[PDB]
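Architecture at a glance
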Amino acid sequence: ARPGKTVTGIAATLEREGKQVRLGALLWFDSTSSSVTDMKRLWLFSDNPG
Amino acid sequence: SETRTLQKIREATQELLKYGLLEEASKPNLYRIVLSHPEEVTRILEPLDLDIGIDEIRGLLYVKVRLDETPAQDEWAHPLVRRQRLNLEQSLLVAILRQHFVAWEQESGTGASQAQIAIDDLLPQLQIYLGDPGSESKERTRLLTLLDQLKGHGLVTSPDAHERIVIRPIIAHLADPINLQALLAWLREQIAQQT
Amino acid sequence: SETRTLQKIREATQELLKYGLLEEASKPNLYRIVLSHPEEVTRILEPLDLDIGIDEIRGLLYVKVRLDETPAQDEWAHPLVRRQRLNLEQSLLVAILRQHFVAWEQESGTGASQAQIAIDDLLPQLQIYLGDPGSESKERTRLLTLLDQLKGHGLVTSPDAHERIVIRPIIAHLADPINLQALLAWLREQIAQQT
DNA sequence: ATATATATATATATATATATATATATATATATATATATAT
DNA sequence: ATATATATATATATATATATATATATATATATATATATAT
C-alpha cells in the first residue's frame, strides 16, 4: 500500500499524575528503493504537551 | 625492435587529457602539433575509446569519447570517465552563462572576441530567480564559488581586473542543452509566478 | 581501415588504467588479455610515457612511469598520475607491512594473498616510532588515516570487521630491496640534513 | 543347398540437460558541498 | 573573531551477484536393412 515515497510515524504517551512524557519516532522513504539506508530516521523524546 | 612514439605528440596528447580542453590562444604550439598529427593522437586515444573534438572557428581543442556507436548506454558510461550531475544552482548559473554567451556570439562574433561578462552583470541575472542573498559580499561569494566550480569544469575563466570573466568555447560544445532550455523556461515561469 | 584496437584489449587496458593494477587471482580474464598482448599494452602506455609492470609469480600486473628520452626527471611530476607523492610515515608503515609480508611468505610462500594483521597488531609497531598521542582512539585514528591513503595506493585492503587488513602482493615491488637501499641512502641524506 | 525367420546394427529425429549470456537488484565507494566545532 | 578541519547529507555511479532464458550438444527411441542360423 505504500511502495513509493512515503512517511510513517509512531508515538506512545506515557505519564504519571498528569506529567506527560512522549516517546515518538518518524520513518520515511524518498523512492521505491528499499535499502536499510533508504529509510531516513529520527526519534523524539519530550515532556511538553505541545 | 621498433620505434617509439614521437615526443611532442605524446606530450601534447597527455596535456590535453590532463586539461580536457585547450586553446590555440593559450598554447598554439601544441594546438598546431596535434592538428598536424590528428591520426596519431586518435590512435593514441582510441585504445582508451577516447578521441578529440576541435573547433577552429573558436580555436579550441577538446576530448571526446569514441566507444562503439550507441550501445544500450545512451546515457553513456565509460570506465575512465566518471560522470557528474550538477545541482539546481550550478545548472542555473550554467543556463545564465549559456544565454549570455549566445547573445555575445551574435553581438561580438562566434569566438572572434572571447565571450565576456562582468560579475555585476551575472549577479543581477541570478538575483532574478534567487533574489538578494543578504549582502553584496554574499552575492560575490556565491557567484565566485560557482564560477570557480565551473572553472574546474573548464567552462569559465576567472574575472579580469575589471571583474569580467571569459567564457570558454566549450560552452558551445555541450551535448543536450535542450534540458537547459527547459530549465530556463521553468525558472522564468516560476519567477514570473512568484512575483 | 581505422586503427581501432580490439575491444577486449581496450577493456583490459581501460580497467588496468582505472585501478592501476590487475591481479589474475581477482580478474583472470583481463590479466590473461594483458599478458596475451603485453607488447600492445607497452606500446599504448609508451605514448603516455608509462610502462607495464609484470610479476607472474604473484599473478600481478601494475602500471609504472616510463622513461622518456628524459627519465621523467622526478617521475612523480608525470602529468597523468592523480595521486600525491609518498612520504616518511607512509614508508615506515610500508616497511613494517613488508616485514610481516616476508614473514608470512617464508611461512606459506610468495604467490598467495592470505596475509593479515590486526589494528592492535599495527598500533605498537608504529607507536614505537610515533610516540603516544595520549589515547587509544587517537592512535587508531592515526593508523586509519595512514591505511586509507595506503589503500588509495593499492597496498592494503580496507579495515575489516575484525580490525585487520590484507596485504596486497604489489607491495613486493614498492618495497624493492634495491629501492629499499636507495631509500636508505636518502635517509642518510636526511641525517645529513639533521646534521 | 536354399529359403526364411529373427536378431543385431545403424541412421535419424526429437526430447532433455547443461552451459552461458544477459538483465536486474543491491550494496558500497566516491564525492562533493555545507554546517558546525575547535584552535589560534 | 576568524579560519580551518571534520562530519554528515545528498547522491550518484560503479561493481557484483543471482536468476532466467536460450542455444547447443548428447542420448535415447524407432524403424529399416542385413547377416546369420535353422529347417526343409
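Shown numbers run from 1 along every chain as its sequence is written, which may differ from how the entry numbers residues; residues without coordinates are omitted from display. Chains and ligands are labelled sequentially in the order written, the chains with letters from A and the ligands with numbers from 1. This view holds some of the chains of a larger assembly, and the values cover only those chains. Just so you know, side-chain values use all the structure's heavy atoms and leave hydrogens and water out.

This entry, as listed in the PDB, derives from cryo-EM and reports a resolution of 4.17 Å.

The PDB entry lists chain B under the name JetB, from Escherichia coli.

The PDB entry lists chain A under the name JetC, from Escherichia coli.

1. Points about unusual backbone geometry
Although it is not a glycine, B:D49 sits at a positive phi angle of roughly 60 degrees. Structurally, B:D49 is set in the loop between α3 (38-45) and β2 (50-55). Under the relative-accessibility criterion, B:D49 is labelled buried at 3%. Of note in this structure, C:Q73 is not a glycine but carries a positive phi near 50 degrees. Numbered from the N terminus, helices here are DSSP runs of H or I no shorter than four residues, and strands are runs of E no shorter than two. Relative accessibility decides the category of a residue: with a 1.4 Å probe and only protein chains considered, values under 20% of the type maximum give buried, values over 50% give exposed, and everything between is partly exposed.

2. Quick look at the pairing of strand β3 (residues 60-65) of chain B
Residue and element names in this part refer to chain B. Only strands joined by at least two bridges in the DSSP assignment are considered to pair. Note that strand β1 (residues 21-23) and β3 share 3 bridges and pair antiparallel. Considered in β3, the bridge of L22 is made with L61. The pairing of β2 with β3 spans 6 bridges and is classified as antiparallel. Looking across to β3, one finds that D55 is bridged to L60.

3. Digging into the sheet that holds β1(B)
Residues and elements named next belong to chain B. Taken together, the 3 strands give an open sheet; going across it, the order is β1-β3-β2, and neighbouring strands pair in antiparallel fashion. In the strand order of this sheet, the two ends are held by β1 and β2, each with one partner. Across the sheet, the mean angle separating the axes of adjacent strands is 25 degrees when strand polarity is ignored. Lines fitted to the C-alpha atoms define the axes, with helices restricted to the stretch that makes contact. Angles between their N-to-C directions range from 0 to 180 degrees.

4. Some details on the packing of aromatic side chains
By convention, a stacked pair of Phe, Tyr or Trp rings (six-membered ring in the case of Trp) has centres within 6.5 Å and planes under 30 degrees apart, an edge-to-face pair has planes over 60 apart, and any other such pair is tilted. Taken as a whole and assessed by the stated rule, the structure comprises 0 aromatic pairs over all chains. For a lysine, the NZ atom is tested; for an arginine, the CZ atom; a charge sits over a ring if that atom is within 6 Å of the ring centre and within 35 degrees of the ring normal. Sitting above the plane of the C:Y19 ring, C:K18 keeps its charged end 6.0 Å from the centroid.

5. Section: the protein's contact with DNA strand E
The criterion for a residue being near a molecule or strand is simple. One of its heavy atoms has to lie within 4 Å of it. Residues in contact with DNA strand E, as listed here, are A:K40, B:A77, B:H78, B:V81, B:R83, B:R85, C:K18 and C:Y19. The share of sugar and phosphate among atoms of DNA strand E within 4 Å of the protein is 100%. By the criterion applied in these results, polar contacts are pairs of N or O atoms within 3.5 Å in which, for protein atoms, one can donate a hydrogen and the other can accept it, and in which residues neighboring in sequence qualify only through two side-chain atoms. In this structure, a phosphate oxygen belonging to DNA strand E sits 2.5 Å away from a side-chain N or O atom of B:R85. Of the residues that constitute the surface near DNA strand E, the class distribution is 3 nonpolar, 1 polar and 4 charged. Ten residues, namely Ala, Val, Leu, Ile, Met, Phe, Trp, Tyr, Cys and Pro, are considered nonpolar, four, namely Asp, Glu, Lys and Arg, are considered charged, and the remaining ones, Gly among them, are considered polar.

6. A few points about a nonpolar patch on the surface
Residues and elements named next belong to chain C. Taken together, the side chains of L88, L180, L183 and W186 define a hydrophobic patch exposed on the protein surface, amounting to about 380 Å² of accessible area. With 3 residues, helix α8 (residues 177-194) is the single largest residue contributor to the nonpolar patch. Positionally, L88 belongs in helix α4 (residues 88-108). We classify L88 as exposed; its relative accessible area is 56%. Each patch is built from residues lacking any salt bridge and having more than 30% relative accessible area; the joining distance is 9 Å for like charges and 5 Å for nonpolar side chains (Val, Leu, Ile, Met, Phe, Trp, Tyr). Accessible areas in this description were obtained via Shrake-Rupley with a 1.4 Å probe; residue shielding takes into account the shown protein chains only. Here, a salt bridge means any side-chain nitrogen of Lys or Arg that lies within 4 Å of a carboxyl oxygen of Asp or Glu.

7. Topic: the interface of chain C and chain B
Think of interface size as the accessible area that goes away when the parts come together; that is how it is often given. By definition, residues are in contact when any of their heavy atoms lie within 4.5 Å. At the junction of the two partners, chain C supplies 22 residues and chain B supplies 19 residues. In this assembly, chain C packs against chain B so that about 2,000 Å² is buried in total across both faces, 46% of it on carbon and sulfur atoms. Taken together, chain C and chain B are joined by 13 salt bridges. A salt bridge links B:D68 to C:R10, with the nearest nitrogen and oxygen atoms 2.9 Å apart. Here chain C and chain B share 25 residue pairs in polar contact between them. Listed by contribution, the elements that provide at least two residues to the side of chain C that touches chain B are α1 (7-19) and α3 (38-45) of chain C. Sort the elements by how many residues they give to the side of chain C that touches chain B and α1(C) lands first, with 5 residues. Partitioned by chemical class, the residues of the side of chain C that touches chain B number 7 nonpolar, 5 polar and 10 charged. Values labelled buried area give the accessible surface lost by two parts on being combined, using a 1.4 Å probe and summing over both.

8. Comments concerning the packing of helix α4 (residues 88-107) of chain B against helix α7 (residues 178-193) of chain B
All names here are of chain B. Viewed as axis vectors pointing N to C, α4 and α7 meet at an angle of 100 degrees, and their least axial separation amounts to 10 Å. As the angle between them shows, α4 and α7 are arranged roughly perpendicular. Contacts from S91, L92, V94, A95 and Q99 in α4 reach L180, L183, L184, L187 and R188 in α7. Of the residues contributing to the contact of α4 with α7, the split by class is 7 nonpolar, 2 polar and 1 charged. For classification purposes, angles smaller than 35 degrees are called roughly parallel, those larger than 145 roughly antiparallel, those between 65 and 115 roughly perpendicular, and all remaining angles oblique.

9. So, α3(B)
Residues and elements named next belong to chain B. Of the residues making up α3, those classed as buried are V41, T42, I44 and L45. For α3, the angular spread of buried residues about the axis comes to 155 degrees, placing them on one side. Buried residues belonging to α3 abut α1 (7-19), α2 (28-35) and β2. Here, the arc refers to the directions that run from the helix axis to the C-beta atoms.

10. Quick look at the environment of B:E105
Residues and elements named next belong to chain B. Here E105 is to be found in helix α4. A C-alpha to C-alpha distance of 23 Å links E105 and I52, two positions 53 residues apart in sequence. Among residues more than four places away in sequence, those in contact with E105 are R58, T110 and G111. Looking at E105, its side chain comes within polar contact range of the side chain of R58, at 2.6 Å.

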